[PDB]
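Just below is one structure, and these are the notes that go with it.
No Cβ is skipped: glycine too gets one built from the backbone with ideal geometry, and neighbour counts run over all protein chains shown. Please treat every number below as a calculation from the coordinates, not as lab data.
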């Protein structure tokens, strides 16, 4: 399947879809504990990572927020 990750082309052979939890682990996203995930321009809630699914053509973004506020 094809998807966009942080604005760039990405491919996942062997899967037609994946939930966010599997995605984070597979891509072994650093400090996944405190990383923010955006799917198709919407910030996701960590509580729904197991249910939220990424399919061919979706755009995912990994962001990290740090600061005193």
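Packing, taken as the mean count of other beta carbons within 10 Å per residue, orders the peptides 35-44, 53-62, 8-17 from highest to lowest as 53-62, 35-44, 8-17.
With only the Cα atoms considered, the chain has a convex hull volume of 92 Å³ per residue. With a simple spin-label model that places each label point 7 Å from the Cα along the Cα-to-Cβ direction, the separation between residue 65 and residue 4 comes to 2.2 nm.
Work out, step by step, the length gained on full extension between residue 35 and residue 22: first 0.36 nm times the residue separation, then minus their alpha carbon distance; give nm to one decimal.
Numbers: separation 13, 0.36 × 13 = 4.68 nm, distance 1.45 nm.
Length difference between fully extended and current span is 3.2 nm.
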